[PDB]
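Positions are given from 1 along the sequence. Order of listing sets the numbers, starting from 1, for every ligand and every atom in it.
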Amino acid sequence: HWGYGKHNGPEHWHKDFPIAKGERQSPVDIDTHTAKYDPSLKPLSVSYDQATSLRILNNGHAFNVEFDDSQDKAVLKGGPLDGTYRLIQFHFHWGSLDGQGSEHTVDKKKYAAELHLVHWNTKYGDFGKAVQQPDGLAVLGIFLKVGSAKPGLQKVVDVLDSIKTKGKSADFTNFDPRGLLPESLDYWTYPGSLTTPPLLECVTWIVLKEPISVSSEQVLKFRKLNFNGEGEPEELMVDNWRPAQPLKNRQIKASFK
Ligand SMILES: [N]S(=O)(=O)[C][C][C][C]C1234B567B89%10B%11%12%13B85%14B%1158B%12%11%15B%139%12B%1061B%12%112C5%153B%14874
Ligand SMILES: [Zn+2]
């Protein structure tokens, strides 16, 4: 099955998922000089005050912090978006070393990690219908650099010991994702895809310019997770990122001057 190794990693994915070589694949390099300021873009509206987390899951690729998305609580709107997008989960991509791990790059710079807050367009009723539509998802991407600790991340870090291996989950209630946001909501945006199989071309990407800082100790704990299941040989969960894909016929827009 697909993964991140030499034998099943991103360069192989096109065999089972031919859209891997499509016209609107993610991630991409953000060339900051070429991205055009778009004064028609709106400030992003991130409303996470009533977000209700439920559970954290090691799915064998990453860990997912899952939300109750049965009501309209935690929503993303504005920015480049038409309508209302409901938060379903977040997860990260990270490296084996601090010099790699992000999926998007900025002028070819790789960050140590990247957080993805995934939201589905409520006009399609459920996520499974949304991912079949070109405007079905909005993913808010936030870069992580290593420096000062992020206090709002520590509750996630501390639960990781309990979901070390693939298929383990733990109750994970009352986590507030506001504590993972940087100060500024300045962003770049472009049309793209899921960055994991099935690689569906259903995402409006919104990538924040300002990274968050996390400590070396925090990212080291990400790197103790395992891709393997319990009672299998240990494969550290590191380098679970897809490299930048061709931009093709797309424009990256900036919300800021
Ligand atoms: N790296 S990425 O965010 O581009 C795709 C990884 C999350 C994929 C999804 B999980 B939830 B729903 B489940 B189904 B819908 B929503 B998030 B997306 C899909 B699965
Ligand atoms: Zn992701």
Please identify which atoms of ligand 1 are closer than 4.0 Å to at least one heavy atom of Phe127. 12 (B), 14 (B), 15 (B)
Determine the interplanar angle of the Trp13 and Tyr4 rings, folded into 0 to 90°, and report it as parallel if under 30°, tilted if 30 to 60°, perpendicular if over 60°. perpendicular
Identify, by atom number and element, the atoms of ligand 1 in contact range of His116, meaning under 4.0 Å from any of its heavy atoms. 1 (N), 3 (O)
Run through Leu117, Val139, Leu76 and flag the one making a side-chain contact (heavy atoms from CB on, under 4.5 Å) with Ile206. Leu76
Is it true that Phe256 and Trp188 have ring centroids separated by less than 6.0 Å? yes
Check whether any N or O atom of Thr195, backbone or side chain, sits under 3.5 Å from an N or O atom of ligand 1, and answer yes or no. yes
If you consider just the N/O/S atoms, which atom of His116 is the closest one to the Zn ion (ligand 2)? ND1
Answer yes or no for atom 20 (B) of ligand 1: protein heavy atom present at a distance under 4.0 Å? no
Ligand 1 to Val118, heavy atom cutoff 4.0 Å, flagged ligand atoms 3 (O), 16 (B), 17 (B), 18 (B)
Could you tell me whether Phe63 and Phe222 have their ring centroids closer than 6.0 angstrom? yes
Atom 3 (O) of ligand 1 - nearest protein heavy atom and its distance: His91 CE1, 3.1 Å
Could you list which atoms of ligand 1 come closer than 4.0 Å to a heavy atom of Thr196? 5 (C), 6 (C)
In terms of side-chain heavy atoms, does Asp239 have a donor or acceptor partner in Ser96 at a distance below 3.5 Å? yes
So that I can tick it off, tell me whether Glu103 and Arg242 are bridged by a salt bridge, with the cut-off set at under 4.0 angstrom between side-chain N and carboxylate O. no
Would you check whether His93 reaches within less than 4.0 Å of ligand 1, judged by its heavy atoms? yes
I'd like to check atom 9 (C) of ligand 1 in this structure: does the protein have a heavy atom lying under 4.0 Å from it? no
Whether the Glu234 and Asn226 side chains hold a donor-acceptor pair (N or O, under 3.5 Å, no angle test) is what I'd like checked. yes
Give a yes or no on whether atom 6 (C) of ligand 1 lies under 4.0 Å from any heavy atom of the protein. yes
Any chance you could lay out the side-chain hydrogen bond (donor to acceptor under 3.5 Å, both in side chains) test for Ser184 and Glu210, step after step, and finish with the verdict? CA-CA 6 Å; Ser184 179; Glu210 185 183 334; 4.6 Å; no
So if I count the atoms of ligand 1 from 1 in the order they appear, which ones are less than 4.0 Å from some heavy atom of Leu194? 4 (O)
Please write down residue, atom name and distance for the protein heavy atom closest to atom 11 (B) of ligand 1. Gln89 CG, 3.8 Å
Between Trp205 and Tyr190, what is the ring plane arrangement, given parallel below 30°, perpendicular above 60°, and tilted in between? parallel
Going by heavy atoms, is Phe90 under 4.0 Å from ligand 1? no
Given the Zn ion (ligand 2) as the apex, I'd like the angle to NE2 of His93 and NE2 of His91, rounded to 10 degrees. 110°
Checking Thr173 against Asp171: is there a side-chain donor and acceptor pair closer than 3.5 Å? no
